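Student: All I have is the shape, not the residue letters:
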Ligand SMILES: CC(=O)Nc1nnc(S(N)(=O)=O)s1
Ligand SMILES: [Zn+2]
């Protein structure tokens, strides 16, 4: 099965998932001088005040916080989207060192981690149907840089001990994802894919220009997680990021100049 090690890592994925070499793979490097400003682009609409978190899971590749998506509780609209997209989960990608960890890069700069807020287009009825559609998902990508602590992240950091190994989960209610957003919602956007198998090309990527700051201590706890299950040999969960893929026939658009 796939992973991020020396024998099952991203360069190997294409043997089981040939779309890995597809035309709209993610992530990509955002070249800030060739991104096109598009005034036609609307502001993002983030409506998370009614969000309902349920659970946090070590899924063996990352950890994810899951939400109730049976109704329009927490949705993303606007930006380059038509239709409304419900929040289903968020997760992170991070590095073994502060100089790497993000999936997207900006002018080849890497950040310490990257947060993905995953949303699916309600017109398709359920998540499994949405991932088979070119406009099925919208993922909000937020960069993390090491500096001052982020108060809104600490509730997450504090429960990681409880889900240290693969398949562990814990109740995680009343978490407000608004505490994870930057002040500005300016963004870049491009059509792309899931960055983990099955790598389906169903994602409208929305990557925020402004990073959020987290402390060294906060990102250190991420690095204490395990890829393995309980009772197995310990392998620390680090460097669970895919490198940049060729842009090919695509234009990155910016909502700002
Ligand atoms: C179920 C689920 O949300 N799947 C994900 N797979 N890759 C994702 S990512 N890194 O592109 O946001 S989301
Ligand atoms: Zn992700």
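Tutor: Perfect, I can see it now. Numbers count the residues shown, from 1 in each chain. Ligands and ions are numbered 1, 2, ... in the order given.

Student: Let me see the ranges of the helices in the chain.
Tutor: Along the chain, counting by DSSP state H, helices occupy 127-130, 154-159, 216-222.

Student: Run a quick neighbour tally on residue 167.
Tutor: Look at residue 167: counted by other Cβ atoms under 10 Å, it has 11 neighbours. Any C-beta I mention is one placed from the backbone N, CA and C, and that applies to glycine too.

Student: Residue 250 too?
Tutor: Neighbours of residue 250 (other Cβ under 10 Å): 14.

Student: That one contacts residue 193, doesn't it?
Tutor: No - with contact defined as Cβ atoms under 8 Å, residue 250 does not count as touching residue 193 (11.1 Å).

Student: Any residues of this structure in contact with ligand 1? List them.
Tutor: Neighbours of ligand 1 within the chain, by Cβ under 6 Å from any ligand atom: 89, 116, 118, 139, 194-196.

Student: taking the residues you listed one by one, which sit in strands?
Tutor: Residues from the residues of the chain next to ligand 1 lying in strands, with DSSP state E as the criterion: 89, 116, 118, 139.

Student: And the furthest pair within these?
Tutor: Farthest pair in those (Cβ to Cβ) is 89 and 139. Separation: 10.3 Å.

Student: ok, the two, which is more surrounded?
Tutor: Between residue 89 and residue 139, counted using other Cβ under 10 Å, the more crowded position is residue 139 (23 against 20).

Student: hang on, the more buried one packs against residue 208?
Tutor: No - in this structure, residue 139 is not within contact of residue 208 by Cβ under 8 Å, at 11.3 Å.

Student: re the thing from before, in CSV, list the ones in strands among the residues of the chain next to ligand 1 along with distance to residue 125.
Tutor: What follows is these, written out as CSV (distance: Cβ to Cβ, whole Å):
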residue, distance to residue 125
89, 18
116, 22
118, 17
139, 19
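
Student: Which single one of those is nearest to residue 151?
Tutor: Ranked by distance to residue 151 (Cβ to Cβ), these are led by residue 116 at 20.8 Å.

Student: Now the closest one. Nearest residue, chain neighbours left out?
Tutor: Among residues not flanking residue 116 along the chain, residue 139 sits closest, at 5.1 Å (Cβ to Cβ, 6 or more residues apart in numbering).
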